[PDB]
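A lone chain, given as structure tokens: the form deposited in one PDB entry.
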């Protein structure tokens, strides 16, 4: 570990325990000695050849003001490490789904989370970045009375700017080795093609099927190439057998997109809102992990 327990960063953030990472950087839960709340602290070695924290802080700062984004607390660089401190969130959607009796969320919870996640994807795209690792463990519910029903997008370590300085789409590289988690990667990512906005929406599509059905066909198939070949040959409409019928428009829309084209986020938002309206799903409903009725 880069930092041991009780290490104090900038005489303010006291490391409590490691909560993630290890390879590119490490993430800790820390005590803010000024404000007295716990926070998340990510560190990366100053000697590391591939350093992402400067880009990760840049995305986090650009997103301040948007919903579904952690508050920026601080950042810095010294001779041993670079660091970023941000608001700490709670339970992630991978753990919440596995804690459900049959490993599935209800359609009520699935669709409401889908709307929140779509909002966060449109937000990162609006500031010129792709997330590239949209997955349930990168979405966490709040941990406060003011946030416990809000879902947050986490971790910009694998993000990439898809625009130049003037808002134009950058050229795609001729090959781009995909970095994201195998289970939720799009077929385009599996082909090592430059990712676009549509590839983050493919990851959302797979997450929502997994939430409502409880599994994907390639779950626990670990080999990258084999998973991509299954997805390439799999009839995606078969994934929609027990999903709301309007998801066929979502699938058809994202299947029509290419690297360059801006998605129709409103079309996808309507798929979720219309699916909820038809089933009488309201925003005030308890999420599955909430008790008392």
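So that the term is clear: the rigid core is the largest set of C-alpha atoms that superpose within 1.5 Å between two forms. Positions refer to the first chain, counted from 1.
Keep in mind the form deposited in another entry is missing from the figure; the text below concerns it.
Enquirer: After a core superposition, would you say residue 139 shifts its C-alpha by at least 2 Å between the shown form and the other one?
Expert: It does not reach a 2 Å shift.
Enquirer: Rigid core superposed, CA of residue 266 - does it shift 2 Å or more between the shown form and the other one?
Expert: False for residue 266: its C-alpha shift is below 2 Å.
Enquirer: Superpose the two forms on their rigid core, then report whether the C-alpha of residue 186 is displaced by 2 angstroms or more between the shown form and the other one.
Expert: No, the C-alpha position differs by under 2 Å between the shown form and the other one.
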